Amino acid sequence: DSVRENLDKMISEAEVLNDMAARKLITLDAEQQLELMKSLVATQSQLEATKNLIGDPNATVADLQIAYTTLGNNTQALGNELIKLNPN
């Protein structure tokens with residue numbers, strides 16, 4: 001069972017959705033652009049925090065665990081937002 005650092009996995013997943021979202025961004029009208037932006041910025045914010053945290057070789061098994069869970073939840077939500085715009 002993988003170390004608390006299958007964040008590396010969540011981290012690289014978050015990056016990719018964030019990239020995808022920044023592209024769906026220009027192609028959207030205001031109302032929808034803002035919906036996406038709200039979840040994108042949140043994911044971007046959390047990702048950056050998670051990156052800082054894992055830089056601290058100390059931290060804790062909990063703070064890391066929260067980071068993973070939160071970053072995951074944000075990433076998950078961005079996914080649904082992306083699907084909600086272009087089911088494709």
# chains A, B, ... in the order shown; residues from 1 in each chain; ligands from 1

call {"tool": "residues_around", "arguments": {"residues": "stretch 31-35 of chain A", "least_positions_apart": "6", "cutoff": "9 Å", "atoms": "only C-alpha atoms", "output": "compact mmCIF listing (two decimals) with N, CA and C atoms, in the first residue's frame"}}
result
# COMPACT_ATOMS: atom_id res chain seq x y z
N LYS A 24 -10.44 25.23 -21.74
CA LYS A 24 -11.87 25.37 -21.93
C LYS A 24 -12.33 26.74 -21.58
N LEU A 25 -11.46 27.52 -21.02
CA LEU A 25 -11.77 28.80 -20.45
C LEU A 25 -12.12 29.85 -21.48
N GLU A 81 -17.07 19.69 -13.25
CA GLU A 81 -17.33 20.97 -13.89
C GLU A 81 -16.99 20.86 -15.38
N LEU A 85 -19.73 20.88 -18.77
CA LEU A 85 -19.67 21.81 -19.89
C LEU A 85 -19.60 21.08 -21.22

call {"tool": "closest_residue", "arguments": {"among": "A:66, A:36, A:6, A:29", "to": "residue A:84", "atoms": "only C-alpha atoms"}}
result
A:36

call {"tool": "closest_residue", "arguments": {"among": "A:20, A:47, A:83, A:42", "to": "residue A:68", "atoms": "only C-alpha atoms"}}
result
A:47

call {"tool": "select_by_dssp", "arguments": {"residues": "chain A", "states": "helix (DSSP H, G or I)", "output": "ChimeraX atom specification"}}
result
/A:8-26,30-55,61-85

call {"tool": "atom_distance", "arguments": {"atom1": "atom CA of residue A:62", "atom2": "atom CA of residue A:37"}}
result
29.0 Å

call {"tool": "atom_distance", "arguments": {"atom1": "atom CA of residue A:74", "atom2": "atom CA of residue A:39"}}
result
7.2 Å

call {"tool": "closest_residue", "arguments": {"among": "A:59, A:78, A:54, A:48", "to": "residue A:22", "atoms": "only C-alpha atoms"}}
result
A:78

call {"tool": "residues_around", "arguments": {"residues": "residue A:18", "least_positions_apart": "3", "cutoff": "9 Å", "atoms": "only C-alpha atoms", "output": "PyMOL selection string"}}
result
chain A and resi 13-15+21-23+40-41+43-44+75+78

call {"tool": "closest_residue", "arguments": {"among": "A:65, A:50, A:58, A:72", "to": "residue A:17", "atoms": "only C-alpha atoms"}}
result
A:72

call {"tool": "closest_residue", "arguments": {"among": "A:76, A:4, A:87, A:30", "to": "residue A:60", "atoms": "only C-alpha atoms"}}
result
A:4

call {"tool": "decode", "arguments": {"residues": "chain A", "atoms": "C-alpha atoms", "output": "tab-separated table (two decimals), in the first residue's frame"}}
result
chain	number	residue	atom	x	y	z
A	1	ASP	CA	0.00	0.00	0.00
A	2	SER	CA	1.50	3.27	-1.12
A	3	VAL	CA	3.12	5.83	1.08
A	4	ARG	CA	1.18	8.89	2.01
A	5	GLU	CA	2.93	10.16	-1.09
A	6	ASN	CA	0.66	9.08	-3.79
A	7	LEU	CA	0.10	12.82	-3.65
A	8	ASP	CA	2.69	12.85	-6.40
A	9	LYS	CA	-0.10	11.06	-8.26
A	10	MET	CA	-2.82	13.51	-7.21
A	11	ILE	CA	-0.47	16.41	-7.83
A	12	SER	CA	0.19	15.42	-11.42
A	13	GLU	CA	-3.50	14.72	-11.95
A	14	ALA	CA	-4.47	18.14	-10.62
A	15	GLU	CA	-1.95	19.82	-12.93
A	16	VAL	CA	-3.44	18.15	-15.98
A	17	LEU	CA	-7.04	19.07	-15.19
A	18	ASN	CA	-5.91	22.59	-14.42
A	19	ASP	CA	-4.23	22.79	-17.84
A	20	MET	CA	-7.35	21.41	-19.51
A	21	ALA	CA	-9.52	23.88	-17.71
A	22	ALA	CA	-7.42	26.89	-18.65
A	23	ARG	CA	-8.05	25.89	-22.29
A	24	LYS	CA	-11.87	25.37	-21.93
A	25	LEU	CA	-11.77	28.80	-20.45
A	26	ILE	CA	-11.46	31.05	-23.49
A	27	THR	CA	-14.20	29.14	-25.35
A	28	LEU	CA	-16.88	29.95	-22.78
A	29	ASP	CA	-19.36	32.71	-22.19
A	30	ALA	CA	-19.14	34.85	-19.04
A	31	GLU	CA	-21.71	32.94	-16.94
A	32	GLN	CA	-19.94	29.63	-17.54
A	33	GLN	CA	-16.42	31.07	-17.56
A	34	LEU	CA	-16.82	32.19	-13.95
A	35	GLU	CA	-18.16	28.82	-12.79
A	36	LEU	CA	-15.12	27.10	-14.14
A	37	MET	CA	-12.79	29.76	-12.83
A	38	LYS	CA	-14.10	29.31	-9.28
A	39	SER	CA	-13.22	25.64	-9.23
A	40	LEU	CA	-10.04	26.06	-11.22
A	41	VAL	CA	-8.60	28.73	-8.93
A	42	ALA	CA	-9.44	26.60	-5.87
A	43	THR	CA	-7.68	23.62	-7.33
A	44	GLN	CA	-4.72	25.77	-8.32
A	45	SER	CA	-4.53	27.23	-4.84
A	46	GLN	CA	-4.68	23.91	-3.05
A	47	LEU	CA	-2.19	22.33	-5.44
A	48	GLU	CA	0.32	25.04	-4.64
A	49	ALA	CA	-0.19	24.52	-0.93
A	50	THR	CA	0.19	20.79	-1.28
A	51	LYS	CA	3.40	21.36	-3.20
A	52	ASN	CA	4.78	23.51	-0.39
A	53	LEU	CA	3.72	21.04	2.24
A	54	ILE	CA	5.44	18.03	0.79
A	55	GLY	CA	8.54	20.22	0.54
A	56	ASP	CA	8.60	20.22	4.34
A	57	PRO	CA	10.28	16.86	5.03
A	58	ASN	CA	8.65	17.04	8.47
A	59	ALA	CA	4.98	18.03	8.49
A	60	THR	CA	2.84	15.10	9.64
A	61	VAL	CA	0.87	12.06	8.49
A	62	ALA	CA	-2.30	14.05	9.13
A	63	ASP	CA	-1.49	17.35	7.45
A	64	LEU	CA	-0.32	15.31	4.47
A	65	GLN	CA	-3.44	13.23	4.63
A	66	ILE	CA	-5.64	16.34	4.66
A	67	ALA	CA	-3.66	17.82	1.79
A	68	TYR	CA	-4.30	14.66	-0.22
A	69	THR	CA	-8.00	14.52	0.63
A	70	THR	CA	-8.60	18.21	-0.04
A	71	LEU	CA	-6.53	18.36	-3.22
A	72	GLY	CA	-8.39	15.24	-4.35
A	73	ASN	CA	-11.81	16.74	-3.64
A	74	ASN	CA	-10.96	19.91	-5.50
A	75	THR	CA	-9.60	17.94	-8.47
A	76	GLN	CA	-12.69	15.75	-8.42
A	77	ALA	CA	-14.96	18.80	-8.54
A	78	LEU	CA	-13.06	20.44	-11.39
A	79	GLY	CA	-13.58	17.17	-13.27
A	80	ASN	CA	-17.34	17.32	-12.89
A	81	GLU	CA	-17.33	20.97	-13.89
A	82	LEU	CA	-15.41	20.05	-17.05
A	83	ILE	CA	-17.85	17.24	-17.86
A	84	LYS	CA	-20.81	19.50	-17.06
A	85	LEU	CA	-19.67	21.81	-19.89
A	86	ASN	CA	-18.61	19.25	-22.49
A	87	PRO	CA	-19.89	15.74	-21.71
A	88	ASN	CA	-18.18	14.50	-24.87
